[PDB]
Ligand SMILES: Cc1cn([C@H]2C[C@H](OP(=O)(O)O)[C@@H](COP(=O)(O)O)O2)c(=O)[nH]c1=O
Ligand SMILES: [Ca+2]
């Protein structure tokens, strides 16, 4: 796996970010995590959804450098969103959300599970600490 540069376009919610990648606008979805829903009427605004959204926005806007890292398998989902680990000054947003209890580990689809154990350990800590989603 390797990290590639990208420039911000707009943070959509906790786990979906529009980025300029190789000079094309693409929507990315964070691998291995789900922040609670805030757009879809079928789930409604779920608790911590808005909180997750503001956390990601904050983290990605303040970054000096944004990087994306695809995993070993599919690089897009069925909606055409890029599937990646995204880093803001070398800090993985996917992990940072999980560590705050603002996302759960989810959508673990082989072979895109390289950081699964890393993320699960951050989740276990947020749970033990009773943070946000786990409170
Ligand atoms: C993170 C991730 C999501 N998805 C798909 C599965 C879910 O589609 P369905 O909605 O059709 O089930 C959806 C979860 O995304 P959101 O959390 O943005 O809803 O995106 C993948 O296909 N692969 C991935 O790695
Ligand atoms: Ca979500």
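Numbering of chain A is taken from Swiss-Prot, so the residues present carry the numbers 89-223, in order.
Per the header: X-ray crystallography, 1.7 Å.
Cβ atoms here come from the backbone N, Cα and C positions, even for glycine.
Record features (Swiss-Prot):
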- 103, 122, 123: Ca(2+) binding site (BINDING)
- 117: active site (ACT_SITE)
- 125: active site (ACT_SITE)
- 169: active site (ACT_SITE)
- 203-219: compositional bias 'Basic and acidic residues' (COMPBIAS)
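Positions of the features from Swiss-Prot, shown on the structure.
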{"residue": "103", "record": "Ca(2+) binding site", "DSSP class": "coil"}
{"residue": "117", "record": "active site", "DSSP class": "strand"}
{"residue": "122", "record": "Ca(2+) binding site", "DSSP class": "strand"}
{"residue": "169", "record": "active site", "DSSP class": "coil"}
Residue 125 (active site) versus recorded positions 103, 117, 169 - nearest by Cα: 103
Cα distance (Å, whole number) from residue 169 (active site) to residue 117 (active site): 6
When distances run from the Cα of residue 169 (active site) to each of the binding-site residues 103, 122, 123, the nearest one: 103
Filtered recorded positions, from 103, 117, 122, 123, 169, whose Cβ is under 6 Å from an atom of ligand 2: 103, 122, 123
Cβ under 6 Å from ligand 1: qualifying recorded positions of 123, 125, 169: none
Proximal but sequence-remote residues of the same chain as residue 123 (Ca(2+) binding site) (Cβ under 8 Å, at least 6 apart): 101, 102, 103, 136, 137, 140, 141, 144, 185, 190, 191
DSSP helix/strand/coil residue counts for the compositional bias 'Basic and acidic residues' (203-219): 13 helix, 0 strand, 4 coil
Number of other Cβ atoms within 10 Å of the Cβ of residue 103 (Ca(2+) binding site) across all protein chains: 28
Additional residues surrounding Ca(2+), by Cβ distance to the 103, 122, 123 centre under 8 Å: 101, 102, 104, 118, 121, 124, 140, 185, 191, 192, 194
Surrounding CB atoms that lie within 10 Å of the CB of residue 122 (Ca(2+) binding site), all protein chains: 18
